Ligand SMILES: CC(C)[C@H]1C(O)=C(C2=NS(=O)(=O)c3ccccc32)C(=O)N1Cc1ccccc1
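This document opens with one chain alone, in structure tokens, the form solved without the named molecule.
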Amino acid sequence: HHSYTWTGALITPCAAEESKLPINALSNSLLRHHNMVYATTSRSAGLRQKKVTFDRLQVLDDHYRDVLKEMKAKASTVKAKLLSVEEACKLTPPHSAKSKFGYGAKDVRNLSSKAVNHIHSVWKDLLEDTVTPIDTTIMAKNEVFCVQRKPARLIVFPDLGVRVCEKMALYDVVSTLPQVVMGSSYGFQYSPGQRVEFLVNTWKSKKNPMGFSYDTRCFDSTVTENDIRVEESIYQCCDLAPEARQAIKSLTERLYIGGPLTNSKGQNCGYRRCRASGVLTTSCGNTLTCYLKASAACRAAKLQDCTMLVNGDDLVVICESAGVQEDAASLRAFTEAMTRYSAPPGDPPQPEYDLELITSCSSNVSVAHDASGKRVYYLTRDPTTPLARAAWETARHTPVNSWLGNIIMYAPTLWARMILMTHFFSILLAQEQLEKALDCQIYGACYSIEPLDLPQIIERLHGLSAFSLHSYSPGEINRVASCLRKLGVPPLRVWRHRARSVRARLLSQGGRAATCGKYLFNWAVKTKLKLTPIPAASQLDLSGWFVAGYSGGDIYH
């Protein structure tokens, strides 16, 4: 029951790949230790193939089936609709991978006859054939990190025509089902501020809280044919059109369960019998399966009053403590149960009795103070990867602007405000590009965002306190400072000076630009303004943000 089998053909690049951090005139203003930053390339694909290839064994007990029955009962309340061809086309990112059948993402978005005809033919074929595995392409991802190097992650995805069909059959399902099945445990329904609120309120709801994150080793590879069929059985609990039931059955049999892997040059690389990382159902499937396995494991371990928080393969559990010794024993039992279910750990879990010490989705809860001096909880993370990616983006235009996504998601943090806002608004000003919409990703979905709208977005998501936080925790301050020394980033005095300059120039522009100056950089001046609500904020349609996760699912808004 191997996760993959391989022919020996190589995983190949579809374009020239750079590993070394590109440098321009702006690089040193952000960081000096350039050799610390790198991008992964296909040259390490082989190392990744070795790590992701293993046999899976699965022993399923009564706890597992009990939880599954409960999940199905909730799923049976869901009613889901097919998307029209047009609706599905409009969810396609403008720069999504072109089809091998003579049309591209722009053709799809424009409803061109060629694209629409092909999409219709793929759909008809899904209804007519529920057996033949569907081809997929395997690629090595090019992602940027700071040293201590990782081998490239792999991405596996079907052709554009198939991706459009996935949306038609399953977009409504994967957008609505998880919150119904998992309720408050479904992580993607929360903005960062809402996630912090759920965590804190959950922590406070326990008499003696204990919590832990659980890291499954190579989660996608641990997902078995059983797991993927169980996921389909959950989808089929929904009230669906018969046409939708057939398309979903077909996609499960032909795509989700496994299929051939083809490299960028059309060679057969091998065969997958685990989760594909680049299909619409990757996020929802991982979320449901992680939740199922973990909920059953809690019962096997006899953890008391477990509250889970699940985002794909990312898992946090907060429960009622039974004592330090009992807690540690129960956690080992939990891990043993997860392992029997084919979800063994990478790092062994550790019980935590301080909420701020739990890291999940690479983030943690921390505390600062607003202008009135009151304690405010917010979401932060180690800034190392955000800053390394920011350095790459300083010198190269890339498909996704991580710096923009990070400012949005981590707006209240010491590091995003001091460094990312300052650095990138300086660059935007110099190039007169403040109004140019840029692509970023939020929970895996792609969004086109004008940087001038940032103050409203931030106020809607985080509230006005995001612009006045100060007196950060010693732990957070030290982590940021350590990162700055590691990468060779300039000191606070430098950033404050640059911020005052950026702010001054923004104010002189008037309009939204002045709003950016006033709100984003109020922290940098001696005599601070008392910030009030931004009128146009109400106008933004953020209904669609923070509904569901779409990592790998080729979704655009």
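Counting begins at 1, following the sequence as shown.
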### Summary
Gap between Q148 and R149, counted in deposited residues with no coordinates, falls in the class 4 to 9
### Task
Report the stretch with the higher mean CA temperature factor, choosing between 286 to 294 and 189 to 197 on the basis of the entry.
189 to 197
### 246 to 254 set against 106 to 114, stretch whose average Cα temperature factor tops the other in the entry
106 to 114
### Message
Per the entry's Cα B factor values, which of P94, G312, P133, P158 stands out as the maximum?
### Response
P94
### Query
Whose CA atom has the top B-factor in the entry, of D227, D220, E166, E432?
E432
### Summary
Sorting the chain's modelled residues by C-alpha B-factor and splitting them into thirds places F101 in the highest
### Message
Taking only the Cα B-factors deposited for this chain, tell me whether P490 sits in the lowest, middle or highest third.
### Response
highest
### Task
Taking the chain's C-alpha temperature factors as the reference, tell me which third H63 falls into: lowest, middle or highest.
lowest
### Task
Would you mind ranking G405 by its C-alpha B-factor against the rest of the chain and naming the third, lowest, middle or highest?
lowest
### Message
Sorting by Cα B-factor within the chain, modelled residues only, which third would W203 end up in: lowest, middle or highest?
### Response
highest
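Another form exists, solved in complex with the named molecule; not displayed. Remarks below refer to it.
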### Message
Partner absent here, but in the deposited bound form, which of 409 to 417, 85 to 93, 232 to 240, 251 to 259 has residues with a heavy atom within 4.5 Å of the named molecule?
### Response
409 to 417
### Task
Go through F425, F188, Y341, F334 and name the one with a heavy atom inside 4.5 Å of the named molecule in the deposited bound form.
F188
### Summary
The listed residue (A297, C319, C269, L379) that reaches within 4.5 Å of the named molecule in the deposited bound form by any heavy atom is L379
### Query
Might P192 be said to contact the named molecule in the deposited bound form, defining contact as any heavy atom within 4.5 Å?
yes
### Task
Answer for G104 alone: is it within 4.5 Å of the named molecule in the deposited bound form, judged on heavy atom distances?
no
### Task
Check whether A301 has any heavy atom within 4.5 Å of a heavy atom of the named molecule in the deposited bound form, and answer yes or no.
no
### Query
Does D135 reach the named molecule in the deposited bound form, with heavy atoms at most 4.5 Å apart?
no
### Message
Contact check in the deposited bound form: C14, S99 and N263 versus the named molecule, with a cutoff of 4.5 Å between any heavy atoms. Do all three pass?
### Response
no
